[PDB]
Each structure stands twice: as C-alpha cells, then as structure tokens.
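A single chain comes next, written as structure tokens; it is the form deposited in one PDB entry.
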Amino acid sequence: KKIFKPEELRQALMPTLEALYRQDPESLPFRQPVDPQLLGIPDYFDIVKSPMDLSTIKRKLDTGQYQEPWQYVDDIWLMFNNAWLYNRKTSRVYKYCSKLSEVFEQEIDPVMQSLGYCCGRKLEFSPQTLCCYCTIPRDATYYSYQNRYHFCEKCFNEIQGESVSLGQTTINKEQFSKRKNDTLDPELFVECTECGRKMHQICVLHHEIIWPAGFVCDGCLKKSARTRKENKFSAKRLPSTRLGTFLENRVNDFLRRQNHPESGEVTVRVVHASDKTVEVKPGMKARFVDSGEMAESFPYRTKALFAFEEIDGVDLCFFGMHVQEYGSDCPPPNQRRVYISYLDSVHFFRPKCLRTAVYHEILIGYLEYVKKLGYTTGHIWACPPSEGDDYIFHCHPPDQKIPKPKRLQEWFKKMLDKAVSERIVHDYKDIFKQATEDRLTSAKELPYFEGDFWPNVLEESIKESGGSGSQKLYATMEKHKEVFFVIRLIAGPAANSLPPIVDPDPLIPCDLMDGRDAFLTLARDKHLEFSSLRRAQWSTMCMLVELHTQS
C-alpha cells in the first residue's frame, strides 16, 4: 500500500549519502567503482563478487531504482562489508570504512524513523562461541568438519600427522574446511500487512502465534485508532503455585514499602517441578555404596522458577533459578536439604537501585518457604559462571558485569545476614566450620547433590590417594571454604522430631525447564538472546509462548 515516490526517497535519503561524501579523506576510496587493474589489485573480483560504491548508490537514488529505503541501506552496508572483507583490519581503507559506517549509523536511524519505520539500524545477532574437540576466537581462522567438529588453528596443527580422530573414525586434514569465525546472522523482518513497511521483528515484537491474523504496525493502528489484540501468552497467565505466590507477594510487599518512583509489579512463576535422582559416581560408589555405607542414589524434586517485570508495556524475564529439594523420605546424608543448582539474572529490572534487594527477597522468601515445609538446611555453592558461559539466560548484555568469587560470596552473605535478622535463617557457616560443628569424620557424611563440586572432588581425591575418600577432606574443605555455605533453617532438637515433608504444590511437567540445558539450547537454536532490553523482551515473549503451548 504505502508507495514511496522516488522523489520522497531521494529527498529523505540523499542527505544521509551526502554525509558520507563530505568525509575527507575517508570517503575518497568509496566514491567511484573499484577499478582493480588501475588500483593495482587483480584479485579484488576473486573476493568481492557484488561491487558497490557511493556513485552507483547516488545514481540508483537519482534515477528511482529503489522501491523502499531498506534497499538503499543494504547497498550502503554492501559497500562497507566489501571493504571490511577485502582490506586488512590494520589497513587504511578499513579504518576509513569504519569511520563512514559510524557516520551512517548516526544519520540513518532518525531518517528511517521519519519514514514510518521502527528504526534504521543494521542489526545482526551475536556470534556463537565455537568450542574445540579450548575455544575459537571471533574473526580468527579455524578448521571444521561437517559444521560439527571444529579446531583452533593452534591445536589443529598440534595434531601430529595428517589424520584426525572424531567420536571412532579417521579424517584426513584435507577434508576440513578452513574458515574465519566472522559469520553473523541478520535480524529478521516482518512486513506490515497494511502499509507494506518491513520492520525488525524484535523492534515490533510480532509473534505469529500470538497475533495469527498478521502484523499491523503502530502507525497503521493509530491512524484508525486501533490497538493490538491482547497478548494472552503473558507471565501473569502462567499457572500459579503456592511457592510462586508466596515469593511474588514477598517481593511486591517489599516494593510497596520502598515506594520508589516508577516501580513495577513483579510476577514469580514456578514452571517446572519433577522428581529425579542423583546417582553416586563410580569412585564414591566403589568406596561406600558397595559396602552398604551409603545409598547408591538420592531422590529429590527439582524446580525451576522465574521472575518477570513489565517494562515499556511488555513482559521481561529478569531472574531465574533451579533448585534441588531432598525430602524427608530421602536417605541421609541428604535428608531435608535444599540446594541451589543455579541462578541467573538479566540486569534490566527497574528501578535499578532495588535490583539486588529484589533478588535477595526472592532468595530469602525461598529459604523461608522450604523452612516452613520442614526442610532443615540450605546449601549454596557461590560459583560464578566460567568466562563467556551462561547459567540460564543465553547471551547476557555485554555491559552486565559478572561477579568474581569474593563479590559473589559477599552478596550471598548480605542476603543471609538479612535472613538471619528476620529470624528465617538461624545461622550459617562455611562448609569447613559446619563439618567441624557436626563432628564429621567421613566423606560419606557430606551431602551429595547433582552437579555440585563435592561429588567431583571426591572422585578425584579417591583416585589421587589410591583409595581414601577422607584423608585430606578437612584440608580440602578448609581450602575452598569461602565458596560453600551451609544454612541452618531449623536448629537443634526440633530438627530431629519433624513430621513428614508434604509439598502442597503439584508436579509440573515441562521438559524445556528440566534443568538449564534445554532452555539454553532452545535460545541458541532460535536466536533468543538476553543481550539488550529489546532482545530480552523478544526472548521473554518467545519463552512465554513456549511455556504456554508445550503445557
């Protein structure tokens, strides 16, 4: 419907092209079509298969060859990427190109918005981290087979001879692709069904399941005084639980007491609950299970929960956590214990000044809740994610700093100190002090949680020592003590005569949220990043559809 008259486009876009032209000397290399012979570059057309330059763009613009402004934008970016492709990162033309692109980004965005568009930005997804069958860096050369087995240029030539082994089968090095990790997937567009304008799907938050009749831009809606049909796939409409309700009430009551300007309501939902078992690993099993001194496995309930806030009228998932709950039927040493498998956040909560406080309220609430059920003890491993890894949310904002261990430890201490002052937590200790207090003598007495540090270090210890599970145990606990919190919820004689633990909430099947892996995999496979407010809002919207529809 919306026809851009060629003069309309010329008038609107030519100032953005002039802005590039008037950059001296940066513009000069881009003002005329590359003549490879004259320029003393014969191999230019071996690399650059779609040449483009300012004159060609000016001409297409003057002669009405563009039907819509994104076609202009694509040519501009083709020109830039042609130069970034052919020239070295350290070269003259490369840096000139970079300068022009910065001028262009600043010029183009408000123009595109004047023409009725979401924005004028060129948007691409973050590059995935490539492992090594070690990790491969952005833009640096690497070797791959079936887009499945990749090797960094160093550890590839490390391999002696001409044959690699995958799995087992043997592959000649000549069968590997040599390539640079410089591939970035563009963001997708959706077309307004009325005016025909192409908009970033993430800018407009159009999801085909939620609005199956098709996308209609805000411009077109406002002209006829319409509004979008309600999004029924919201965080609020996910099923309530006793736990979720309790946590969200605690949070919102806290926010209401603070009365900070521009506070929003928080929604907390439990989205997974299932019964699982942790199996004792082979070292510890040979040592204690086979002689009947320790259970071969421990049953627990896993739960996944998320907190959401409305930001700019749209749901935003900002906090996530998975927990392991070992009930009263579980064998010692795990009986009546909870362990935090992992928690994660995306730092867009508003207001900023209460973000940490809100995370603390969620954790204190959770401790309070399980205490009420009759869980006696909480367990926290203060372990930051490894470099460029994510616990729950794929692709964090690059400006969200990741705490190192000391900061993270102090953060848990501040939470627990508040919990103590509220008389929820009786006390807490590091693992070494706790073991001392419990007169622990053997490794079989240490709580054994899925994915935790202690099961792994005990395997290593038994093997290193040639059969002892407990020789250096106090020394290992002392050495790592600052990182391991044991939290006493129910203290002393009362902890010995408790009734059975009965959880009033039902099980909640949801394979997507059975541990962290499935949601990380989904997010990676569908470009669901949490790396900016807009991408997190999209990713939240998609997550919520998935949670509503898989149920």
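Each residue number is its position in the shown sequence, starting from 1. In this text, the rigid core denotes the largest set of C-alpha atoms whose superposition between the two forms falls within 1.5 Å.
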- Message: Across the other PDB entries of this protein that model residues on both sides of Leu440, is it left without coordinates in at least a third of them?
- Response: yes
- Task: Look at the other compared PDB entries that model both sides of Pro137, then say whether a third or more of them leave it out.
- Result: yes
- As the entry stands, the deposited residues without coordinates between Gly167 and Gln168 add up to 4 to 9
- Message: If I compare the deposited sequence with the modelled residues, how many are absent between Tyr133 and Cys134: none, 1 to 3, 4 to 9, or 10 or more?
- Response: 4 to 9
- Query: What stretch has the higher average Cα B-factor here, 224 to 232 or 315 to 323?
  - Reply: 224 to 232
- Item | 103 to 111 set against 378 to 386, stretch whose average Cα temperature factor tops the other in the entry | 103 to 111
- In the PDB entry, which of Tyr86, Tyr300, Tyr359, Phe449 has its C-alpha at the highest B-factor? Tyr86
- Item | Residue of maximum C-alpha B factor among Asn81, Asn259, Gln128, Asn249, per deposited coordinates | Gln128
- Task: State the tercile, meaning the lowest, middle or highest third, of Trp454 with respect to the CA B-factors recorded for its chain.
- Result: lowest
- Report the third (lowest, middle or highest) to which the CA temperature factor of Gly219 belongs, ranking only the modelled residues of the same chain. highest
- Chain third (lowest, middle, highest) by recorded CA B-factor, residue given as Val93: highest
- Message: Which third, lowest, middle or highest, does the C-alpha temperature factor of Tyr44 belong to within its own chain?
- Response: highest
- Task: Comparing against every modelled residue in the chain, figure out the third that the C-alpha B-factor of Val483 lands in (lowest, middle or highest).
- Result: middle
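Keep in mind the form deposited in another entry is missing from the figure; the text below concerns it.
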- Task: Align on the core first; then indicate which of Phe453, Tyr149, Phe246, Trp411 has a CA shift of 2 angstroms or more between this form and the one not shown.
- Result: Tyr149
- Message: Superposing on the rigid core, I want to see if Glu230 changes position between this form and the one not shown - specifically a Cα shift of 2 Å or more.
- Response: no
- Any chance the CA of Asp43 moves 2 angstroms or more between this form and the one not shown, core superposed? yes
- Query: Cα of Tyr72 displaced 2 Å or more between this form and the one not shown, core superposed?
  - Reply: yes
